């Protein structure tokens, strides 16, 4: 099974470009609160750190930095971080994400963008 996000990612370069553009703006609206900048969606979410921090910010709090692997030393620590971000998503009411947590760690762009897009849809009005 595929959906409209598969269709644009797979077939619509111009629409994909505004999606990416919008996602970079959105993730920085929040991550800039921590003096963090994203420039490259392809890799800067792979280690799970920004994704955890973003999830706290979208729900109005700062996640304790010792509660996840702030400087992950391995594939496994990255996967654990992504899994924790997915847990926070579900705790807040989102359906379990489509992608495996390791898909994000392995820098699958479509997986990364879908996850971020579903956050944007839900949380675009968080200040």
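For the two forms, the rigid core is made up of the largest set of C-alpha atoms that agree within 1.5 Å on superposition. Residue numbers count along the first chain shown, from 1.
Colleague: Taking the root mean square of C-alpha distances over all structures and residues in 7 other deposited structures of this protein, with a rigid core superposition, name the larger of 82-90 and 54-62.
Modeller: Most displaced of the pair in 7 other deposited structures of this protein: 54-62.
Colleague: When the core is superposed, where do the C-alphas shift more in 7 other deposited structures of this protein: in 4-12 or in 117-125?
Modeller: Result of the core-fitted comparison in 7 other deposited structures of this protein: 4-12 deviates more.
Colleague: Tell me which stretch has the larger mean Cα B-factor in this entry, 105-113 or 9-17.
Modeller: Per the PDB record, 9-17.
Colleague: So 31-39 or 77-85, which one's hotter by mean CA B-factor in the entry?
Modeller: Taking the mean C-alpha B-factor of 31-39 and of 77-85, the larger value falls to 31-39.
Colleague: Just the C-alpha B-factor column, please: which of 48, 56, 93, 99 has the biggest number?
Modeller: Going by the entry's C-alpha B-factors, 93 comes out highest.
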